[PDB]
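Asks: I would like to see how this sequence folds:
(chains A, B, C and D, ligands or ions: 5)
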Amino acid sequence: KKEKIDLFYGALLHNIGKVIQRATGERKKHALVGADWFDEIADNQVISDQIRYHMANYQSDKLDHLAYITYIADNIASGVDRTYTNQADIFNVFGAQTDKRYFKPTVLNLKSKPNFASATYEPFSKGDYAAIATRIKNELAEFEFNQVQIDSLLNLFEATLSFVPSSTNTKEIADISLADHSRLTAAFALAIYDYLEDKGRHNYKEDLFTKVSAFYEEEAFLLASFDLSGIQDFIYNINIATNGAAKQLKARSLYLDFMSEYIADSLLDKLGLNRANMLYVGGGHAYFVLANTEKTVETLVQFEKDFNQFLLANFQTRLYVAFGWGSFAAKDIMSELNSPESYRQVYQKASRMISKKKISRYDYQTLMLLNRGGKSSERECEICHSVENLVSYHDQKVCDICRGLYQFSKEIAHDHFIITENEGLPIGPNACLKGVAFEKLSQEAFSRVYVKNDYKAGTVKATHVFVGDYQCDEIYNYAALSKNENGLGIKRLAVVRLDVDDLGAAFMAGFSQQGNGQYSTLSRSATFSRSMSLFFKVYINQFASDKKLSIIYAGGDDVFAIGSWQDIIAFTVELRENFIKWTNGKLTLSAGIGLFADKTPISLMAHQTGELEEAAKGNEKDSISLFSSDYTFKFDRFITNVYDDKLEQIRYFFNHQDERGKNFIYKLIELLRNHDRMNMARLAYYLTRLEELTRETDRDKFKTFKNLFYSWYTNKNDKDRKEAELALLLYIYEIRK
Amino acid sequence: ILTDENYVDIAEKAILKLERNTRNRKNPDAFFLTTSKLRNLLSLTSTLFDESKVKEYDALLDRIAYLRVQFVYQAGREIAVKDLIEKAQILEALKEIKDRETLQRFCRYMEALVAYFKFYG
Amino acid sequence: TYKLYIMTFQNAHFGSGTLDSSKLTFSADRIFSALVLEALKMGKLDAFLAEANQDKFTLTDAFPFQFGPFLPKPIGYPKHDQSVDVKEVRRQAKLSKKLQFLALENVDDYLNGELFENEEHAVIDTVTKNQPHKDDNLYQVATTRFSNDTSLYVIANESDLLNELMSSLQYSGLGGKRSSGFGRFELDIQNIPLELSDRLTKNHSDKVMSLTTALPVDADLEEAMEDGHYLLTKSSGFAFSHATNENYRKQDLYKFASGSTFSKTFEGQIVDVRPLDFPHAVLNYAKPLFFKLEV
Amino acid sequence: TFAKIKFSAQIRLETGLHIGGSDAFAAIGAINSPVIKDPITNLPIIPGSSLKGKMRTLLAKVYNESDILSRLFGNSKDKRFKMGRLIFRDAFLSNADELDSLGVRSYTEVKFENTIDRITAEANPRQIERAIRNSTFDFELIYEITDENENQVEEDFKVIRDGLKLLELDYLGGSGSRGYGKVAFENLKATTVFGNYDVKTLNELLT
Ligand SMILES: Nc1ncnc2c1ncn2[C@@H]1O[C@H](COP(=O)(O)OP(=O)(O)OP(=O)(O)O)[C@@H](O)[C@H]1O
Ligand SMILES: Nc1ncnc2c1ncn2[C@@H]1O[C@H](COP(=O)(O)OP(=O)(O)OP(=O)(O)O)[C@@H](O)[C@H]1O
Ligand SMILES: [Mg+2]
Ligand SMILES: [Mg+2]
Ligand SMILES: [Zn+2]
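Replies: Numbering: from 1, shown residues only, chains lettered A, B, ... in the order given. Ligands and ions are numbered 1, 2, ... in the order given. Sure, structure below:
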């Protein structure tokens, strides 16, 4: 803005003396450790004097001073009201009373493994804090405090300080990282200023320091939101005989990710705000903290009208943004502020406004001009059935938006994406999105540049989005990649669609089970917001490091990943066994894998996988659905029984022999599939014939196989038998010549 | 008598209820009944279990009458088969055919006797 | 207003923009455009079109008939009347988000608040047809396949010219790939229950629910946006004509939807959505037959 | 005058059928080609488009070079003949009770079948599922009499008669050169519902 450079950086770079006092172990009070440190790094006393007095209790009367705002916004961004432990797990207070877990404090990278908590990190890993603090000092030196570089500083915290706790001498705030706590405190502290500079006050010591309990009751914050509607009608507009099948499917789910990104980053500079206020962004849904005044509400209503005119001019009611705001006082604090109906129940008030506006979509003057007619069109866009601006891209007649999506699918491999003015694939009013190389930023004229899966600072001063993406090969080669070095593998490619089970039920309510409700704060759900986006948007490429697959989309709860079938099955086993260690077993997910032949269309492929996901949601909730709706196993007996226990023992038999070939395996599948009471006897006869038919050296190997196979045939609980069928499908598929 | 939901568990119990060679401890707990005397009984029923599929029941009732001949006759020769038709209630079940679906239920009942006999020793 | 026209399909393809999709019901505009395409080839359209511009006659889209006429789900009419067990009541708002049909026996309990776990009408198949030995020859056709007792019942004016037309739609079929085995039905004109014809109003100024897609007249569209809770659904497609030798496009009438709750129920149109420089009209029937909620 | 006469026949399968469709999952032992079925009853169906395209390609070899196929099956161009006057319906397997009285396990037999390489001499087994012999399906065929028509109505009747003799000389299914066809139309009667058109003299053209 025009003065908020003094307020935003000072309310963000305060408590960074809590890093150096953490690093080298000084005995000085932490309010001064970042105060003096700023002097040998930069020189701006107005930002500095907030950090000199952000504690506001060692010397409350020294210097109308904006550190008054930094004090109250530190209390409210903290879930509590304010001795050397690490950052605790967020899932220590999620759900049930389980073991305590603590993060190992590290930085982030594009090649770093997921840093899981454990019970062995109660001590204080002091040595990494030297490596953290020198990473700060190398990039805070050559740096300028402006709206150009208002955004590179946030990733400097969200990568490095992402696991460092805050105020470790405590009993409650054990899991609020300093990257998140500085992000929320700078988010609130701007919103007090936009709440106070609109009312007309200039002094900050009588409505903040003395009327704090009045401000604890004063409704001074909106919780804005939006909801991008019609996403799956836009993404899954693929059909059989689509000329670009998978590239358009990977482009449109990325297109609406940038559009959901640009609805955020264009509403915040229409206001006087920035990316600290955005508490979350996901698949269309995103949550803000804005100022509670008429100068910002009328900006929201105007921008909702102005942005829907953009969507209507390019999509014709396929997409619709729906705002909603809930005014709230300081009631998202665990200090018994009407604990049942206060925290979610004003986060729900903005959610009811979205439902009121998703149901009363347009108004008079738009719908009078929607169906004005006067258009003798002849050919339609054969993808999205639109009419205007038809071009002839590779002898099909497509529209103007779907033309750029083929161009955006060619520009998708780049690392940088810019907001041009008139350069194709529009995502806003006077805003178009373009893929661009690194040094082409000198050439092209832009307004904001988005960089994808990156943590380097660079010269672009960009905005760091995180889109999950991987390709080990082209999509049409994944069938022929399913061989081994021998040649033994079935030429199939599998598609998995994962989904976290009850994600909004774990986001919104989530933490109220432990305690009396003293963990139902904003900062827990803001840390839960990051940790579910930090997993699926960043860590999923580590799980797909060398696997022969292609993550088409991973965002929010949902993963959609085509690939070779040995690795896709290995992917989700490796994903969940990481994801249950990431969350201590809570937030179980569900998956559905489907084998498909070579050269089948992706719309036939992506649909039936969706049939298996919605079938696996209805097992009870927590299941994998291999290949077909009738292999719906729990994950808690698919990895520990099918994929690693039963398939290991079948593979241990059929490699230490040359006698029992595939014909023995195939006649077992008929016996496992029909399963009347008569086939129990016929199986007991079939194994006992071959027990003496074999050569008498390896008769114990067959007898320790057959009496162990007959054991899980007659169990009469069905949970030990259908697994044996699925274990033998995964063995013949691995030995298919 | 034997229904569809029990005739294999009946035949599982009948092999266990059948006696064993308690003496002659050279691979002991072996049966007095032998495999080849048992497969002579199933060779009667297995050629009706596949002509029940093809033909009517109205033509098979001449050989279904003959199964009471030879299950008695094989029981009269060796005392081991004599115990089989007592333990496994075969002469009771053979007089209760009356249609195709019990003929196939009895002929699957004889296969259940051969299956568990091969299984248990 | 008058007798409901029960129609038993057992195979039907209903639109929704694409060919890979098939909606359960078909709405007022389609069945009316079937009648005009029927009354033309009887040489009898001008007796129907002179009737088609009267206050006397009504018309209603399809709803499932499972031993009793059903109704749409009111759009947002149930109120938020319970901050307990958020883990599962959000899952309850998942199954009660694709329901869209309520029985008349208990539609008053829905406004009063009741869960009503949805029953099944016509599980939609998607069979992949072809054309042999051609270039680009794999289309895919969805199919509503009805559940052994479910019929559809347009609710219209009991008119003898209307019954002569809709006894011939038994043999021309509604919906999609008719002349390929879809949409052929058998009509059975029944009578209305007494507590349903009690509330088949058209001009009752109260908290009133629509039972068909209706584009209001422009004097009424201003005030109907205020308290209404509607869907919009984009009626469009190609105009069928025997007089073009060229497949043109309708002019994209954005209507309301059946189930749109409203106040001071408005009067609709017959919206000439003909393309530019086109011989005849494309009627695109849109006028409401409402449903009172509390009365 | 206006009329809609229909051709009610009982079709009959002297060999199997195989009308496939969506291919879900092979599952090793499971059927490599499941026949199309009625997804409520799980009885084998004959879809009407599988009749409608089959009897027009047969008549394309007879009446080709058009004009008499266009009015009986439609054409996307040619404004005279969109929705061309024949409205078929899917077959419904009438005798789901008469087959059970004959004694039958399920209505759809499974045929095992393979493929032998010319040099390796190694097999490659199918499981082509069929719908069994002498099942009867409900066959109905709405031909429409109109004001434009009754000049050529008699000459359409000498085509649909001939367009059902050819299905008795071709297969109407999938994999027809390997059997799986040989369908026969019996009790082929031409009733008139919703109309006034004398269907007497047509009924002797059918037999
Ligand atoms: N950008 C995206 N990419 C892929 N999947 C998405 C995306 N956004 C949403 N989804 C998936 O679609 C589902 C719902 O999307 P939808 O467009 O229906 O949201 P909505 O309109 O807000 O739904 P509702 O009206 O029920 O609140 C989510 O559960 C999510 O898994
Ligand atoms: N990244 C995210 N973080 C938190 N919540 C999310 C995210 N993405 C989507 N959601 C939530 O998901 C809800 C939609 O349900 P969704 O199917 O997406 O997950 P869910 O609530 O766990 O339900 P399900 O068990 O059916 O997946 C929305 O209310 C939205 O708040
Ligand atoms: Mg989810
Ligand atoms: Mg979801
Ligand atoms: Zn398009």
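Asks: residue boundaries of the strands in chain D?
Replies: Assignment of strands within chain D using DSSP state E yields the ranges D:3-13, D:86-88, D:110-113, D:126-129, D:138-139, D:141-145, D:183-195.
Asks: Can you lay out these as JSON lines showing mean neighbour count?
Replies: Bear in mind the C-beta positions are built from the backbone N, C-alpha and C, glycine included. What follows is those, written out as JSON lines (neighbours: other Cβ atoms under 10 Å in any protein chain shown):
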{"stretch": "strand D:3-13", "mean neighbour count": "20"}
{"stretch": "strand D:86-88", "mean neighbour count": "24"}
{"stretch": "strand D:110-113", "mean neighbour count": "14"}
{"stretch": "strand D:126-129", "mean neighbour count": "18"}
{"stretch": "strand D:138-139", "mean neighbour count": "22"}
{"stretch": "strand D:141-145", "mean neighbour count": "22"}
{"stretch": "strand D:183-195", "mean neighbour count": "16"}
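Asks: Which among those is found nearest to residue A:378?
Replies: In this view, the strands of chain D are compared for proximity to residue A:378 by Cβ to Cβ, and strand D:86-88 is the closest at 28.1 Å.
Asks: For the one residue in chain B that gets nearest to ligand 1, which residues are in contact?
Replies: Proximity to ligand 1, evaluated over chain B using Cβ to the nearest ligand atom, is greatest for residue B:5 at 44.9 Å. Applying Cβ atoms under 8 Å, 6 or more residues apart in numbering or on different chains, one finds that residue B:5 lies in contact with residue A:677.
Asks: Could you check how far it is from residue A:680?
Replies: The spacing between residue B:5 and residue A:680, counted by Cβ to Cβ, to the nearest Å, is 13 Å.
Asks: before we move on, what about residue A:448?
Replies: Residue A:448 sits 68 Å away from residue A:680, taking Cβ to Cβ as the criterion.
Asks: Tell me which stretches of chain D form helices.
Replies: Taking DSSP state H as the test, the helices found in chain D are D:48-52, D:54-62, D:70-73, D:98-102, D:153-160, D:162-165, D:200-206.
Asks: I'd like these written out as CSV, with distance to ligand 5 and mean neighbour count added.
Replies: Written out in CSV, the entries for these read as follows (distance: least, Cβ to the ion, whole Å; neighbours: other Cβ atoms under 10 Å in any protein chain shown):
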stretch, distance to ligand 5, mean neighbour count
helix D:48-52, 28, 23
helix D:54-62, 33, 17
helix D:70-73, 32, 20
helix D:98-102, 51, 12
helix D:153-160, 42, 15
helix D:162-165, 41, 18
helix D:200-206, 50, 12
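Asks: Can you say which of the ones you listed is nearest to residue B:118?
Replies: Comparison of those against residue B:118 by Cβ to Cβ identifies helix D:98-102 as nearest, at 36.8 Å.
Asks: got a list of contacts for the closest one?
Replies: Contacts of helix D:98-102 from elsewhere in the structure, counted by Cβ under 8 Å, 6+ apart, are D:107, D:132, D:135-136.
Asks: ok, so of the residues you listed, who is nearest ligand 1?
Replies: Of all those, ligand 1 sits closest to residue D:107, with 40.3 Å by Cβ to the nearest ligand atom.
Asks: you'd agree that closest one is up against residue D:45?
Replies: No. With contacts defined as Cβ atoms under 8 Å, residue D:107 does not count as touching residue D:45, sitting 10.8 Å away.
Asks: These two: which is more packed in?
Replies: Residue environment comparison for residue D:107 versus residue D:45 gives the larger neighbour count to residue D:45, 26 against 19, counting by other Cβ atoms under 10 Å in any protein chain shown.
Asks: Tally up the residues packed near the residue lying closest to that one once chain neighbours are set aside, please.
Replies: Here the nearest residue to residue D:45 in space, its sequence neighbours aside, is residue D:38; by Cβ to Cβ, 6 or more residues apart in numbering or on different chains that works out to 4.6 Å. For residue D:38, the tally of surrounding residues (other Cβ under 10 Å) stands at 18.
Asks: ok, which residues in the stretch 301-450 of chain A are in contact with ligand 1?
Replies: Listed as neighbours of ligand 1 in the stretch 301-450 of chain A under the rule Cβ under 6 Å from any ligand atom: no residues.
Asks: between the strands of chain D, which gets nearest to ligand 3?
Replies: When the strands of chain D are ranked by proximity to ligand 3, the top entry is strand D:126-129, at 37.5 Å, counting by Cβ to the ion.
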